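**Q** Sequence below, structure please.
(one chain, ligands or ions: 3)
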Amino acid sequence: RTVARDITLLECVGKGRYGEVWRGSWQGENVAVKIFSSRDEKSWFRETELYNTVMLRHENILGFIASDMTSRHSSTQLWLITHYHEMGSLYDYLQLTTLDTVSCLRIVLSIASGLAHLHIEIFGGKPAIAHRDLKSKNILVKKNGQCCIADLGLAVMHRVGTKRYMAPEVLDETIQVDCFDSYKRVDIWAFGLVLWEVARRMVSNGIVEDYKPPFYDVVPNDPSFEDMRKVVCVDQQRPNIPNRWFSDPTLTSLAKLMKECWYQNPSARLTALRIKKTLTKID
Ligand SMILES: COc1cc(-c2cncc(-c3ccc(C4CCN(C)CC4)cc3)c2C)cc(OC)c1OC
Ligand SMILES: COc1cc(-c2cncc(-c3ccc(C4CCN(C)CC4)cc3)c2C)cc(OC)c1OC
Ligand SMILES: COc1cc(-c2cncc(-c3ccc(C4CCN(C)CC4)cc3)c2C)cc(OC)c1OC
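**A** Numbering: from 1, shown residues only. Ligands and ions are numbered 1, 2, ... in the order given. See the structure here:
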């Protein structure tokens, strides 16, 4: 039989040190093609090894289609092919969109749902998985108003994470590296920062905050490991909760939830399943 493998690359939608992401076409359908730099080959290998272990299928996880390795004259070409989400990343979306109560809750609950699915061991099933680089650029917006989590290149089953989103135990190197729950608790910290990013863009009483990344007011762009350690570990700063949130019951509840993702003590932080339950009881 015929195995049609040609993908037409149509538009570059992302370029970085990782490599590039392209909108592509296969058999008349959009796909996303991540082309890896040689410097980030281990991210392709880790995502490929994970999907060869467990074929994750979840509405809030970016959908896997293929991993391809192709021999070139003097190099190896590595592609990861996934579902394509034309609305782009949550980071992108929040710059130029504000949210209402329903659309804010739907976004954050969908992220919590994807994260809880990664974290949970299922017997019969899937290993527990920690993401290790959760951030708004690694979350895509779907047309139905839910999101999905992307990029399992650092994931661990039971490159470093983006420094702006690193938990205090990563920055002060006290993380218990042989306890898998440690890695879940690092993801919860990052989730809380994403929850703060999104909540800022929810309108209440005619007020909204501008899009800003976590810690925009206390560290430079491309903050160093030391910059972050001083803020998060030494001074123990946390993102600001504006006064206007305390006039809105949804933002009041989201502020409480953020607080419980940001405890210095990793074992005090909420679990993804508890976050889901709390979000389902808001509004
Ligand atoms: C190798 O490379 C690529 C292949 C494809 C692709 C194209 N047509 C058909 C297929 C196909 C799927 C599944 C079966 C099954 C049928 C039932 N039988 C009992 C076992 C085998 C056969 C064929 C594939 C996998 C797409 C690609 O990219 C989108 C590929 O490149 C990454
Ligand atoms: C990689 O991705 C895509 C693949 C395909 C595709 C192409 N040929 C054949 C298949 C297939 C047929 C049949 C089985 C069998 C397996 C065992 N048993 C006997 C029942 C079912 C499995 C696989 C598929 C899935 C289509 C896609 O989209 C429409 C893909 O997505 C981009
Ligand atoms: C985070 O990581 C990965 C993401 C993706 C991915 C999947 N769907 C869609 C996208 C995308 C599409 C379009 C825009 C723009 C272009 C049009 N307009 C001007 C604004 C919107 C941005 C982004 C991406 C980047 C795939 C990946 O791998 C194949 C990723 O890596 C794991």
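
**Q** close enough to count as contact, residue 88 and residue 142?
**A** No - look at residue 88 against residue 142 with CB atoms under 8 Å: they stay out of range, at 10.7 Å. Backbone N, C-alpha and C define where each C-beta goes, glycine included.

**Q** more crowded one of the two?
**A** residue 142 (16 against 13; other CB atoms under 10 Å).

**Q** The more buried one: what's it in contact with?
**A** Contact partners of residue 142, counting by CB atoms under 8 Å, 6 or more residues apart in numbering, are 85, 87, 148.

**Q** The last one in helix, strand or coil?
**A** When the structure is split into helix, strand and coil by DSSP: H, G, I helix; E, B strand; the rest coil, residue 148 lands in strand.

**Q** That one: neighbouring residues, count only.
**A** With other CB under 10 Å as criterion, residue 148 counts 23.

**Q** is it true that it touches residue 57?
**A** No - in this structure, residue 148 is not within contact of residue 57 by CB under 8 Å, at 11.6 Å.

**Q** shared neighbours of these two, anything?
**A** Common neighbours of residue 148 and residue 57 (CB under 8 Å, 6+ apart) are residue 63.

**Q** any idea how far ligand 2 is from residue 129?
**A** Residue 129 is 22 Å from ligand 2, where distance means CB to the nearest ligand atom, to the nearest Å.

**Q** got the contact list for that residue?
**A** Residue 129 touches 50, 54, 56, 118-119, 152, 155-158, counting by CB under 8 Å, 6+ apart.

**Q** How about it, nearest residue that isn't a chain neighbour?
**A** Spatially, and ignoring its direct neighbours in sequence, residue 129 is nearest to residue 118 (4.3 Å; CB to CB, 6 or more residues apart in numbering).

**Q** Pretty sure the one you found sits against residue 127.
**A** No - if you go by CB under 8 Å, residue 118 and residue 127 don't touch, sitting 9.9 Å apart.

**Q** higher neighbour count, those two?
**A** residue 118 (24 against 15).

**Q** And that one, how far from ligand 1?
**A** Taken as CB to the nearest ligand atom, the span from residue 118 to ligand 1 is 24 Å.

**Q** Beyond the helix or strand hosting that residue, next helix or strand please.
**A** For residue 118, the element it lies in under DSSP states H and E is helix 101-119. Counting by DSSP H and E, the element after helix 101-119 in chain order, helix or strand, is strand 129-130.

**Q** what about that next one, distance to the chain center?
**A** 12 Å (CA atoms, centre = their mean, to the nearest Å).

**Q** Run through who's touching the very next helix or strand once past it.
**A** Using DSSP H and E, the helix or strand that directly follows strand 129-130 along the chain is strand 139-141. For strand 139-141, contacts defined as CB under 8 Å, 6+ apart pick out 62, 85, 87-93, 107, 111, 147-150, 194.
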